[PDB]
Amino acid sequence: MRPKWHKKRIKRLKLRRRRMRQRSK
Amino acid sequence: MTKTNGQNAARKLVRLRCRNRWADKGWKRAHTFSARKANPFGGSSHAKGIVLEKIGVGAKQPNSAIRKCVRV
Amino acid sequence: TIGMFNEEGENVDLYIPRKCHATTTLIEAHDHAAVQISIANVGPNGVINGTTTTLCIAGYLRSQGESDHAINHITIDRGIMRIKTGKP
Amino acid sequence: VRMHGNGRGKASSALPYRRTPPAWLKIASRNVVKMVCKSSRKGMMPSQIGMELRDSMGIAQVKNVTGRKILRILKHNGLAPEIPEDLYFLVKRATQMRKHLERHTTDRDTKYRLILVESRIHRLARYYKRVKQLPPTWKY
Amino acid sequence: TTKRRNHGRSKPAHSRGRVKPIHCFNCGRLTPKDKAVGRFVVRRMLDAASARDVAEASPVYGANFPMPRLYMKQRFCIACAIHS
Amino acid sequence: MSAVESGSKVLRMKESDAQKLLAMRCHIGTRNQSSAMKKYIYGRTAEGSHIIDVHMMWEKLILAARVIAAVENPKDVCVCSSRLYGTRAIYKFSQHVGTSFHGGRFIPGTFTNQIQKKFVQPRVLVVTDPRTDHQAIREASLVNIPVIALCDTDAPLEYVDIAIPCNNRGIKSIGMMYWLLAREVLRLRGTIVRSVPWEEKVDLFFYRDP
Amino acid sequence: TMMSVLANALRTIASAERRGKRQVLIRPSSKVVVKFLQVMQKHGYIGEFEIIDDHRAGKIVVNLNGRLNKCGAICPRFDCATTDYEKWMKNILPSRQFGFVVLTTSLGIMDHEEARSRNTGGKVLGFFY
Amino acid sequence: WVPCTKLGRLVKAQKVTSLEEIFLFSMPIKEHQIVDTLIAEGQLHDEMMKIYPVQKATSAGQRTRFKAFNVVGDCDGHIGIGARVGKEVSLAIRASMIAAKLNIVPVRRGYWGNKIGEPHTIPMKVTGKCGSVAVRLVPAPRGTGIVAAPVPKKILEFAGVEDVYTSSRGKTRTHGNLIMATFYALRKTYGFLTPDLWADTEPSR
Amino acid sequence: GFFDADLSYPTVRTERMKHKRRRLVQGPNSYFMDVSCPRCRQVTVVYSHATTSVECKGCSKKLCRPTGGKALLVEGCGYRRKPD
RNA sequence: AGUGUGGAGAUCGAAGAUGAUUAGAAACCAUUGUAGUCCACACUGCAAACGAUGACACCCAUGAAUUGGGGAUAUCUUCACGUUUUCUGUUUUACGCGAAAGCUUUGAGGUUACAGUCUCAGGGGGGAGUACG
RNA sequence: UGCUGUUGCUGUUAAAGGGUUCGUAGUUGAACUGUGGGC
Ligand SMILES: [K+]
Ligand SMILES: [Mg+2]
Ligand SMILES: [Mg+2]
Ligand code: NA
Ligand code: NA
Ligand code: NA
Ligand code: NA
Ligand SMILES: [Zn+2]
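Residues numbered from 1 in each chain as written, not as in the entry; some residues may be left out. Chains lettered and ligands numbered in written order. Part of a larger assembly, values for the part shown. Heavy atoms only, no water. Residues with missing side-chain atoms left out of burial classes, pairs and counts.

Method of structure determination, per the deposited record: cryo-EM was used for this entry, reaching 2.89 Å resolution.

Structure below.
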């Protein structure tokens, strides 16, 4: 797909991972 | 152009080669102690094991066959 | 003395190429652009003397437009043209 | 010109090959030396002294008439400036720039130019201290 | 694969950094001024058939006094110029 | 060569030879100017016209004669002119000497295609205008043929060897120029010791309207 | 900023020689430049040259006779012993029959054939053939 | 044989009976019979390296043609190469041999150090380039042989060189350009101005 | 033409057009003059490319005028060049 | 573009709303409309941030032009312009080089005939500019 | 295997010039003090 859209997907996943790590810590 | 040519510039050339040598996939694998850690044999040429199951692996296209394999 | 001769005393050169009269460049067989011009000599009476002067130029000079300049300089040195104008 | 910026100009002056003063100059070297001391007393800088001598007196080059340079004469008489002339004019420019900037704080072009003149001062002051034309531990 | 040595605009290797964009005449797309195709057009208000009728019925316009025209400068994007 | 061997000075730009060049305007050149021909340009007059020095123009004329007259077979040499103004000049020039001439549009491949029945392999090739005779000059390079050309002020002096700085744009200018060359070559060969004057008429060389 | 006068001077001659010129102007000059030219003149690779004085680093006008193919400078000036001569000819020279490598020794500036005769080493300066 | 050129007539009339006359005046050769006339039929060996097909896509399919490469030489200082195309592989073979004989070029040979006996090596380092392939030739001492790849070695033997060092770069698997680059390296040996030919050259008519 | 130039001995017309620092040997471009003053009966030496104000004794107003190039001479005076 | 605090709010306009379109329209089209857009101060430090071409210095063929300054010697009004040189910029149109497209006094030239000085990156394609710190 | 390139590599479009500058260690850095004479 579009590399910009793929980068958006990566950013969303990283944000979700950061939130989950903060809540789980 | 892409080089230093000074007479007293041996230190720069030594560090340039040392750093760029890590870009070799072959050279880095030999000089990294993490090598042979993921190798099941542990760096040796042969190994012994116990046969536990028989499997059949299909051939990749454009070839059609069942390759007889064994899980050890 | 032109050519290469071994210490034995035999000339090994199969042939001797011509040399350009402008830049001393060896004329090669594969040129197919170099030219040779013969200029006649005329005696006091006004008639040719039966012989000619030969000069050769390379094909590179012709292909650059500099052949005319070289000829106008070679002919001055050899005496087939007057370098300056007359005096009233 | 070239130290800072993209300028590549070449304007300058070319000195003559023959360093013999012209035969029509009737002034003795004693009068020339006496005349650069008077001008230095007026408060003029060495560069301004040479231009006044050249413009309205016929002395094209002092070194070719008296045999010694203008700053050498002033140093012998103890009238040389406290700090070198080129360093003095650079410090004067930087002082006026900072006075301007304390009122027009959004002038971001003059802040870039101010950075360049102070880098020039540090490179210049480092050279004078090495040749001992400035006191050690001199800071701007 | 470079298609044009000027890259479709009149801006050489490095003499400017940015040029004010303008709107296309038809679609309104924003394009740099030096890249947009620009023409100046002067046109007659009426065609030959209509001009004769108006000139005959007008005590002001005629053989000596000519009729006014419309002068405009038109800048188009590269797509709108080809289609037109 | 203006300077004759042994210092005879027989071949020189006499007074009578001078008026012929100025009468037919063989020194008036085009307002354009090329770097190759800059040496042969003397100065610029009114209306931007450039003038060719007569001395070097005359000097190049004699050299061309010493080359044309040095061939054992006069029929070997070929003279070409694609411009219609030079067709008359090239014809009657060939009549007195014995060279061959061609006019019109140059069929390409004449000097290289061995299959073609019009194969011509001269040792000297002469053209009227280098700009409009590019096909003949270009083909001459591949076969080692020297070229003698009549060059105006603006001229692509490429692959040429002997250049005659003169005018070749006018009817009178072209006809006059071949008269000097035709008159010269016969004198060197020995047909006439002086030929002063000569019963041959310049207007015969002129391209009268057919 | 120009860092080597000799490298700049040798590059001007080679460029002018390739274009088939008759004279070339060299600017600026020095003692090493003039000494290098005298070695080329001794073996007949160039003609007469003139040095013009202008109360600064002067200029040299050199006459070329078409017998020179290429001249160049070696930077940095590596040290050459009496045993290292064989390796230098085999690297930067077209053959073992012609060409010269110029060295600066305690005796002076000379070609490698002369230096080997006097049993001297030095620093490589350039070459010509 | 009916010669169709002035030079061909001279070789037919025995006026020009030496190959160096063509090389001296750089006269182009238009007929292969001139070489056969000027060289004995027993001292001219010809061999063909390889033939590969080339295809052009058409509306209904493809069209295939064959290209052939030929090399000739006397093993004494002459070499020529040629490459022609034809619809039939037999026709391309015939045309290649004619073309090679029209590109005969002299080759200069020299000595490595001591000048005794007969020449055995090229005089100075030379290189030739065609496409991305470049071949460098270096003189070698006596009793070394041809240190070269199998394709360039065959060309060097036909030329008459006995000892040489070679090297290559680029895509050497493209044998169309590898053959053509070796030819330029050898052809360049007569263009170098060594001090043995500095002056005292006389012209001729 | 027909003459080959020499770089060590250039012709007059070639050297007269060159820049002062581009000549074979660089040199000055200026000179000095004698001025009889607008009203003073004295003699003054004035530089050609003078940038500072220059006055007289009996007509001490202005002997020249500064300019981006050669100084502009004040009218009603006498100027003559000097050797060297 | 985005963030914070105070202004301002004409035009346009992410989000949203209502029409069209479409098997379907969340879109392309139409009418609106909030944040934005504008200002001051404080953050952010990224772009097809491109000439996809690091900085300094030398040589180099032809014809165009054009911007700023200076030198010498045909017209107009009561400063502008014409001709030829010159220094600095800024563009168009040969040897040589390149796989080619193409570059070419302002190189991608002067390089297997390989050395002017310094500096930043690359080593088959993905995983991935991802994980851990 | 000049695919680690000191000898000896690539960086417009194939992998790869930093958005632009300033700057310290470091690397590099213009010319000159000199034609010995005679037999
Ligand atoms: K931009
Ligand atoms: Mg709205
Ligand atoms: Mg890329
Ligand atoms: Na819409
Ligand atoms: Na804002
Ligand atoms: Na970036
Ligand atoms: Na190897
Ligand atoms: Zn549009």
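Following the structure, the description resumes.
J.: How should I be thinking about the overall build of chain I in this particular structure?
T.: A count of helices and strands for chain I gives one helix and five strands. Counting from the amino terminus, helix and strand elements in chain I follow one another as α-β-β-β-β-β. Radius of gyration (C-alpha) of chain I: 18 Å, far over the 12 Å computed for a compact globule of 84 residues. With the C-alpha coordinates of chain I rotated into their principal frame, the extents come out at 60 × 20 × 20 Å. Residue pairs in contact within chain I that sit at least 24 positions apart in sequence constitute 29% of those at least 6 positions apart. (Helix = DSSP H or I, 4+ residues; strand = E, 2+ residues; numbered from the N terminus. Rg over C-alpha atoms; globule rule 2.2 N^0.38 Å. Contact = heavy atoms within 4.5 Å.)

J.: Looking at this structure, how should I read the sheet that holds strand 5 (residues 79–81) of chain I?
T.: Remark on secondary structure: sheet strands pair via backbone hydrogen bonds, oriented parallel or antiparallel. All names here are of chain I. Strands sit in the order 2-1-5 across an open sheet of three strands; the sheet is antiparallel. Because the sheet does not close on itself, it has two edges, and the strands there are strand 2 (44–47) and strand 5. Across the sheet, the axes of successive neighbouring strands diverge by a mean angle of 35°, strand direction being ignored. By the bridge criterion, three bridges tie strand 1 (residues 32–35) to strand 5 in an arrangement that is antiparallel. (Pairing = 2+ DSSP bridges. Axes fitted to C-alpha atoms, helices over the stretch in contact; angles between N-to-C directions.)

J.: Teacher, can you tell me more about the interface of chain C and chain F here?
T.: Where the parts come together, the accessible area they lose is often given as the size of the interface. Listed by partner, the interface residues are 33 residues for chain C and 33 residues for chain F. Contributions of two or more residues to the side of chain C that touches chain F are made by strand 1 (35–42), strand 2 (48–57), helix 1 (59–64) and helix 2 (67–78) of chain C. Counting residues per element, the side of chain C that touches chain F draws most heavily on strand 1 of chain C, which supplies seven residues.

J.: What should I look at first to understand the UniProt feature "binding site: Zn(2+)" (unreviewed entry) in chain I in this one?
T.: Residue and element names in this part refer to chain I. Per the UniProt record, the feature "binding site: Zn(2+)" (unreviewed entry) sits at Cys 37, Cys 40, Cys 56 and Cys 59. Across 23 residues of sequence, these annotated residues stay compact in space, with a maximum C-alpha separation of 6.8 Å. Residue position: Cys 40 is located in the loop between strand 1 and strand 2. Topologically, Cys 56 is positioned in the loop between strand 2 and strand 3 (64–65). (UniProt positions renumbered as here; feature names shortened; annotations may be inferred.)

J.: Could you clarify how one ought to interpret the arrangement of the chains in this entry?
T.: Counting contacts across all 11 pairs of chains found in contact, the highest total belongs to chains C and F. In this structure chain D stays clear of chain E, and the shortest span between their C-alpha atoms is 13 Å. With no contact between them, chain H and chain I keep their nearest C-alpha atoms 23 Å apart.

J.: Is there a simple way to explain the pattern of salt bridges in this structure?
T.: A side chain with one charge can pair with a side chain of the opposite charge if their charged atoms come near. For the structure shown, the criterion picks out 15 salt bridges over all chains. The closest approach of N and O atoms between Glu53(B) and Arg71(B), which form a salt bridge, is 3.1 Å. Residue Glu53(B) is located in strand 1 (residues 53–58), and its partner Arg71(B) is located in strand 2 (residues 66–71); the two are separated by 18 residues in the primary sequence. Residue classification places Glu53(B) among the partly exposed positions, given a relative accessible area of 37%. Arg71(B) sits in the partly exposed class, given a relative accessible area of 47%. Salt bridges here are not isolated pairs; linked through shared partners, they connect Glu86(G), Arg96(G) and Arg116(G). (Salt bridge = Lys/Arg side-chain N within 4 Å of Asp/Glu carboxyl O. Buried < 20%, exposed > 50% of the residue type's maximum accessible area, 1.4 Å probe, protein only.)

J.: Would you mind going over the pairing of strand 1 of chain C with me for this structure?
T.: Walk down a regular strand and you will see the side chains alternate between the two sheet faces. Residues and elements named next belong to chain C. Of all eight residues in strand 1, six are buried, a share of seventy percent or more. Relative to strand 2, strand 1 runs antiparallel, the two being bridged by seven bridges. Note that in strand 2 the partner of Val 35 across the bridge is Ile 57.

J.: Honestly, the packing of helix 5 (residues 150–159) of chain H against helix 6 (residues 175–187) of chain H in this entry has me stumped. Any pointers?
T.: Residues and elements named next belong to chain H. Relative orientation of the contacting elements helix 5 and helix 6 amounts to 35°, with a least axis distance of 10 Å. Between helix 5 and helix 6 lies a crossing of right-handed hand. Contacts between helix 5 and helix 6 involve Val 151, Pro 152, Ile 155, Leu 156 and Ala 159 from the first element and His 175, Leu 178, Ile 179, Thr 182 and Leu 186 from the second. When its residues are assigned to classes, the contact of helix 5 with helix 6 shows eight nonpolar, two polar and no charged. (Left-handed = near helix turned anticlockwise from the far one by under 90°. Nonpolar A, V, L, I, M, F, W, Y, C, P; charged D, E, K, R; others polar.)

J.: Help me understand the protein's contact with RNA strand K, please; the structure alone is not making it clear to me.
T.: Every one of the 22 residues lining RNA strand K counts as a neighbour, but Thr2(B), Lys3(B), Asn20(B), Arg126(D) and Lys31(G) are closest to it. Backbone atoms, meaning sugar and phosphate, form 72% of the atoms of RNA strand K found within 4 Å of the protein. At a separation of 3.0 Å, a base oxygen of RNA strand K approaches a polar side-chain atom of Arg17(B). Contact between RNA strand K and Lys31(G): a phosphate oxygen at 2.8 Å from a main-chain N or O atom of the residue. At the level of secondary structure, the elements contributing two or more residues to the surface near RNA strand K comprise helix 1 (10–20) of chain B together with helix 6 (108–130) of chain D. With five residues, helix 6 of chain D is the largest single contributor of residues to the surface near RNA strand K. Partitioning the surface near RNA strand K into residue classes produces five nonpolar, 10 polar and seven charged. (Near = heavy atom within 4 Å. Polar contact = N/O pair within 3.5 Å; in protein donor to acceptor, adjacent residues only side chain to side chain.)

J.: I keep staring at the side chain of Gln23(G) and nothing clicks. Help me out?
T.: Along the chain, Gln23(G) falls in strand 1 (residues 23–26). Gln23(G) gets classed as buried once you look at its relative accessible area, which sits at 13%. Here the side chain of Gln23(G) touches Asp6(I) through a polar contact of 2.8 Å, side chain to side chain. Not counting residues within four places of it along the chain, the set of residues in contact with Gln23(G) comprises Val61(G), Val62(G), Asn63(G), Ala5(I), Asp6(I) and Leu7(I).

J.: Quick question: what am I supposed to make of a positive patch on the surface here?
T.: A surface patch of positive charge is lined by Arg2(D), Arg8(D), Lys10(D), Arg27(G), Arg56(G), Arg21(I) and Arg22(I). By the element assignment, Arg27(G) lies in the loop between strand 1 and helix 2 (31–42). Under the relative-accessibility criterion, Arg27(G) is labelled exposed at 54%. (Patch = residues over 30% accessible without salt bridge, like charges linked within 9 Å, V, L, I, M, F, W, Y side chains within 5 Å. Areas by Shrake-Rupley, 256 points an atom, 1.4 Å probe, with all protein chains shown as cover. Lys, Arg positive; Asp, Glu negative; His and termini not counted. Charge placed at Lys NZ, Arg CZ, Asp CG, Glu CD.)

J.: Could you clarify how one ought to interpret the protein's contact with RNA strand J in this entry?
T.: In the region of RNA strand J, 57 residues are neighbours, and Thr4(B), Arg5(E), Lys38(F), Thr1(G) and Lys70(G) sit closest. Backbone atoms, meaning sugar and phosphate, make up 74% of the atoms of RNA strand J lying within 4 Å of the protein. Note that a sugar or linking oxygen of RNA strand J is positioned 3.2 Å from one of the side-chain N or O atoms of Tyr60(C). For the surface near RNA strand J, the per-class residue count stands at 15 nonpolar, 19 polar and 23 charged.

J.: Could you clarify how one ought to interpret the sheet that holds strand 3 (residues 78–86) of chain H in this entry?
T.: Residue and element names in this part refer to chain H. Spatially, four strands are ordered 1-2-3-4 in an open sheet, and the strand pairing comes out antiparallel. Of all strands in the sheet, those bounded by a partner on one side alone are strand 1 (45–57) and strand 4 (105–106). As defined by bridge partners, strand 3 adjoins strand 4 across two bridges and the pair is classed as antiparallel. Its bridge partner being in strand 4, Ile 79 is matched across the sheet by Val 105. The strands that helix 5 touches are strand 1, strand 2 (62–73) and strand 3; relative to strand 1, the one it contacts most, it runs at about 140°. Sheet strands in contact with helix 6 are strand 1, strand 2, strand 3 and strand 4, and its direction is about 150° off that of strand 3.

J.: Please explain helix 2 of chain C as it appears in this structure.
T.: An α-helix turns once every 3.6 residues. As a result, residues three or four positions apart point the same way. The end-to-end C-alpha distance of helix 2 of chain C is 17 Å, a good match for the 16 Å that 12 residues give at a rise of 1.5 Å each. Listing the buried residues of helix 2 of chain C in full gives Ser67(C), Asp68(C), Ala70(C), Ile71(C), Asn72(C), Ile74(C), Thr75(C) and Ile76(C). Contacts made by the buried residues of helix 2 of chain C are with strand 1, strand 2 and helix 1 of chain C together with helix 2 (54–68) and strand 8 (162–165) of chain F. Backbone geometry just after helix 2 of chain C places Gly79(C) at a positive phi near 95°. (Expected span 1.5 Å × (residues − 1).)

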